[PDB]
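Trainee: If it helps, the file is called work_38.cif and holds mmCIF, C-alpha atoms:
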data_target
#
loop_
_atom_site.label_atom_id
_atom_site.label_comp_id
_atom_site.auth_asym_id
_atom_site.auth_seq_id
_atom_site.Cartn_x
_atom_site.Cartn_y
_atom_site.Cartn_z
CA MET A 1 -1.83 -11.99 -13.35
CA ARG A 2 -2.39 -11.22 -9.64
CA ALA A 3 -4.76 -8.19 -9.35
CA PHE A 4 -5.24 -5.82 -6.41
CA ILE A 5 -6.77 -2.49 -5.57
CA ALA A 6 -4.69 0.43 -4.35
CA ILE A 7 -4.19 4.11 -3.78
CA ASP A 8 -1.07 5.65 -5.24
CA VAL A 9 1.02 8.36 -3.43
CA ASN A 10 2.41 11.48 -5.14
CA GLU A 11 5.92 12.34 -6.21
CA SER A 12 6.78 14.38 -3.10
CA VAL A 13 5.93 11.43 -0.85
CA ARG A 14 7.67 8.94 -3.07
CA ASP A 15 10.87 11.01 -2.99
CA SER A 16 10.82 11.36 0.83
CA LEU A 17 10.15 7.61 1.37
CA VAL A 18 12.94 6.63 -1.03
CA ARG A 19 15.36 8.83 0.98
CA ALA A 20 14.10 7.18 4.14
CA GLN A 21 14.78 3.74 2.61
CA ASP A 22 18.36 4.86 1.79
CA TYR A 23 18.83 6.06 5.29
CA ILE A 24 17.74 2.68 6.64
CA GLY A 25 19.97 0.96 4.07
CA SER A 26 21.45 -2.56 4.44
CA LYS A 27 23.96 -2.34 7.27
CA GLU A 28 21.71 -3.26 10.21
CA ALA A 29 19.57 -5.77 8.16
CA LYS A 30 19.32 -7.40 4.78
CA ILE A 31 16.20 -5.70 3.33
CA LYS A 32 14.62 -6.09 0.00
CA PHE A 33 13.29 -2.55 -0.52
CA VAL A 34 10.12 -1.61 -2.51
CA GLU A 35 10.88 0.09 -5.79
CA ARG A 36 9.89 3.73 -5.90
CA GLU A 37 7.15 3.25 -8.53
CA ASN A 38 5.56 0.55 -6.43
CA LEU A 39 5.08 2.52 -3.17
CA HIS A 40 1.31 2.62 -2.65
CA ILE A 41 -1.43 1.76 -0.18
CA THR A 42 -3.02 -1.68 -0.89
CA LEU A 43 -6.84 -1.74 -0.18
CA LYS A 44 -7.45 -5.35 -1.18
CA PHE A 45 -5.65 -8.18 -2.78
CA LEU A 46 -7.73 -10.10 -5.32
CA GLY A 47 -5.59 -12.91 -6.63
CA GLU A 48 -5.95 -14.21 -10.15
CA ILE A 49 -9.25 -12.97 -11.67
CA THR A 50 -11.10 -13.48 -14.96
CA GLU A 51 -11.58 -10.68 -17.46
CA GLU A 52 -15.27 -10.82 -16.56
CA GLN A 53 -14.68 -10.37 -12.79
CA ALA A 54 -12.29 -7.56 -13.69
CA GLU A 55 -14.99 -5.76 -15.68
CA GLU A 56 -17.51 -6.26 -12.97
CA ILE A 57 -15.01 -4.97 -10.34
CA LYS A 58 -14.22 -1.88 -12.48
CA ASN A 59 -17.94 -1.08 -12.52
CA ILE A 60 -18.22 -1.48 -8.79
CA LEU A 61 -15.13 0.62 -8.03
CA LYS A 62 -16.37 3.41 -10.30
CA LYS A 63 -19.46 3.65 -8.05
CA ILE A 64 -17.62 3.34 -4.78
CA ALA A 65 -15.07 6.07 -5.66
CA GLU A 66 -17.81 8.53 -6.48
CA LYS A 67 -19.19 8.13 -2.94
CA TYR A 68 -15.96 9.46 -1.31
CA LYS A 69 -14.36 12.92 -1.60
CA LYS A 70 -10.77 13.58 -2.41
CA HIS A 71 -8.86 14.37 0.78
CA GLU A 72 -5.32 14.98 1.92
CA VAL A 73 -3.60 12.43 4.16
CA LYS A 74 -0.20 12.50 5.79
CA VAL A 75 2.34 9.63 5.61
CA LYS A 76 3.69 9.53 9.14
CA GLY A 77 5.62 7.12 11.24
CA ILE A 78 7.51 3.91 10.73
CA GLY A 79 5.81 0.73 11.84
CA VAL A 80 7.08 -2.82 11.84
CA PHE A 81 5.15 -6.01 11.21
CA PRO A 82 4.46 -8.39 12.79
CA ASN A 83 6.14 -6.95 15.89
CA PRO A 84 9.18 -4.84 17.09
CA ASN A 85 11.05 -7.87 18.41
CA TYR A 86 10.74 -10.01 15.22
CA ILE A 87 10.81 -7.61 12.20
CA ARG A 88 9.52 -8.86 8.88
CA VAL A 89 8.29 -5.78 7.08
CA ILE A 90 8.95 -2.10 7.55
CA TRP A 91 5.97 0.17 6.72
CA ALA A 92 5.10 3.84 6.83
CA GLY A 93 1.81 4.71 8.52
CA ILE A 94 -0.98 7.03 7.32
CA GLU A 95 -2.35 9.81 9.55
CA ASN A 96 -6.07 10.41 9.08
CA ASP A 97 -6.67 7.04 7.40
CA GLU A 98 -10.38 6.74 8.39
CA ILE A 99 -11.88 7.48 4.98
CA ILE A 100 -9.40 5.07 3.34
CA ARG A 101 -10.52 2.50 5.91
CA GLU A 102 -14.13 3.20 5.13
CA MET A 103 -13.43 2.62 1.39
CA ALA A 104 -11.57 -0.56 1.91
CA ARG A 105 -14.44 -1.90 4.06
CA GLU A 106 -16.97 -0.87 1.36
CA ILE A 107 -14.86 -2.58 -1.24
CA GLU A 108 -14.69 -5.77 0.82
CA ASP A 109 -18.50 -5.84 1.30
CA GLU A 110 -19.35 -5.34 -2.37
CA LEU A 111 -16.78 -7.82 -3.66
CA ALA A 112 -18.11 -10.29 -1.10
CA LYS A 113 -21.13 -10.48 -3.49
CA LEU A 114 -18.74 -11.79 -6.17
CA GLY A 115 -17.25 -14.48 -3.91
CA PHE A 116 -14.10 -12.77 -2.68
CA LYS A 117 -13.40 -13.40 0.98
CA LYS A 118 -13.64 -10.48 3.39
CA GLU A 119 -10.29 -10.33 5.12
CA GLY A 120 -11.06 -7.68 7.72
CA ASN A 121 -8.64 -5.93 10.12
CA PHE A 122 -7.56 -3.51 7.33
CA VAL A 123 -4.57 -1.21 8.16
CA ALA A 124 -3.62 1.63 5.82
CA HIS A 125 0.16 1.45 5.32
CA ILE A 126 2.81 1.74 2.66
CA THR A 127 5.23 -1.16 2.71
CA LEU A 128 8.84 0.12 2.46
CA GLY A 129 10.76 -3.17 2.41
CA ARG A 130 10.87 -6.80 3.54
CA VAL A 131 13.56 -7.97 6.02
CA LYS A 132 15.35 -11.12 4.95
CA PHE A 133 17.32 -11.18 8.23
CA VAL A 134 18.63 -8.78 10.83
CA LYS A 135 22.37 -8.19 11.25
CA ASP A 136 22.53 -5.65 14.04
CA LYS A 137 19.27 -5.81 16.03
CA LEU A 138 20.10 -2.99 18.38
CA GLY A 139 21.20 -0.75 15.53
CA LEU A 140 18.06 -1.51 13.49
CA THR A 141 15.76 -0.94 16.45
CA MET A 142 17.54 2.35 17.15
CA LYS A 143 17.14 3.65 13.60
CA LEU A 144 13.40 2.59 13.52
CA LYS A 145 12.72 4.24 16.88
CA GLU A 146 14.03 7.59 15.64
CA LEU A 147 11.49 7.27 12.73
CA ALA A 148 8.56 6.17 14.76
CA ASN A 149 6.46 9.31 14.43
CA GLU A 150 8.29 10.90 11.47
CA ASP A 151 6.34 13.29 9.16
CA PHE A 152 7.30 12.10 5.70
CA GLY A 153 4.88 14.29 3.74
CA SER A 154 1.26 14.47 2.58
CA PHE A 155 -0.66 13.64 -0.62
CA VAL A 156 -4.20 13.89 -1.88
CA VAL A 157 -6.10 10.66 -2.09
CA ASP A 158 -7.14 11.18 -5.73
CA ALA A 159 -8.45 7.79 -6.96
CA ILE A 160 -8.60 4.10 -6.35
CA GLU A 161 -6.90 1.94 -8.90
CA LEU A 162 -7.11 -1.61 -10.15
CA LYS A 163 -3.67 -2.95 -10.79
CA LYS A 164 -2.04 -6.23 -11.54
CA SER A 165 1.49 -7.73 -11.07
CA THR A 166 2.99 -10.21 -13.46
CA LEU A 167 6.17 -12.19 -12.89
CA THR A 168 8.59 -11.98 -15.82
CA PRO A 169 12.16 -13.33 -16.15
CA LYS A 170 13.51 -9.91 -15.14
CA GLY A 171 11.17 -9.89 -12.06
CA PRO A 172 7.57 -8.67 -11.30
CA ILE A 173 6.09 -5.86 -13.34
CA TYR A 174 3.05 -3.89 -12.19
CA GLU A 175 0.34 -2.38 -14.46
CA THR A 176 -2.63 -0.04 -13.90
CA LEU A 177 -5.73 -1.59 -15.43
CA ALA A 178 -8.10 1.22 -14.45
CA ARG A 179 -8.36 4.26 -12.30
CA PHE A 180 -11.45 5.70 -10.56
CA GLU A 181 -11.36 9.27 -9.35
CA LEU A 182 -12.91 10.19 -6.04
CA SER A 183 -15.55 12.95 -6.01
CA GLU A 184 -14.29 16.56 -5.88
#
Take the structure in this file and express it as structure tokens.
Mentor:
Amino acid sequence: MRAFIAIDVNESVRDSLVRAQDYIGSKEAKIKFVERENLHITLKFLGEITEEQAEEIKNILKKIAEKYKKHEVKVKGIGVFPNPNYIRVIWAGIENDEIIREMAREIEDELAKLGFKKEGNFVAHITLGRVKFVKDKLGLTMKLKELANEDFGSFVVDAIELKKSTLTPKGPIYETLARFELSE
């Protein structure tokens, strides 16, 4: 349905971010939280693509992944988007994201050859939930400020993946179409 490219986290990180979501909870704001299996770093959103574009993209990603070496990154810090006053999305940041950034820029340049728009201004993050509305602004800002530079854990950037999300009556389901290991 809608395809995108991502980097998955590991179980240790997933567990720590889920506990952080619980700690935020729903008392200071109504938040639709990301399900545990869907916590990941998005490198590029593709939209609806044909099977032929998908095949072509899988070939390109295979070659891109083999140019980068597996490396360990730390998930650190809570960020808000678009801005502290006005909170729409709560994210976790990545420490040492430069190689991820480099990959996402290389992806955007190659897929540009296939007609996909370069979106630029990439920021490596893991979305933790989307704020429907804030109930207690002060309380929410207080809880987010305590988390601002929090060390949530580390994981090895192992592969880039091509995934897709499909809306079904029971909500969106995500699938992994292909996975491309970075160089050891």
Trainee: What's the 9 Å shell around stretch 154-160 of chain A, counting only C-alpha atoms, without same-chain residues fewer than 4 positions away, as an MDAnalysis selection string?
Mentor: chainID A and resid 5:13 43 61:62 65 69:76 100 178:184
Trainee: To one decimal place, how far is atom CA of residue A:1 from atom CA of residue A:55 in Å?
Mentor: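 Between atom CA of residue A:1 and atom CA of residue A:55 the gap works out to 14.7 Å.
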Trainee: From the set A:23, A:53, A:131, A:107, which residue has the shortest atom-to-atom contact distance to residue A:82, counting only C-alpha atoms?
Mentor: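 So, comparing all the options, the nearest one is A:131.
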Trainee: Return the single residue from A:106, A:18, A:31, A:54 that is closest to residue A:3, with distances computed using all atoms listed in the file.
Mentor: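 Result for the nearest residue to residue A:3: A:54.
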Trainee: Excluding residue A:118 and residues on its chain fewer than 2 positions from it, collect all residues at most 9 Å away from it, counting only C-alpha atoms, and give them as a ChimeraX atom specification.
Mentor: /A:105,108-109,111-112,116,120
Trainee: Between A:125, A:137, A:58, A:117, which has the minimum distance to residue A:90 (counting all atoms listed in the file)?
Mentor: A:125
Trainee: Distance atom CA of residue A:113-atom CA of residue A:47, one decimal place?
Mentor: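 The value is 16.0 Å.
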Trainee: Give the padded box for stretch 89-105 of chain A as lines of an AutoDock Vina configuration file: axis-aligned, covering all atoms listed in the file, 4 Å on each side, centre and edge lengths in Å to one decimal.
Mentor:
center_x = -2.7
center_y = 2.3
center_z = 5.5
size_x = 31.4
size_y = 24.2
size_z = 16.2
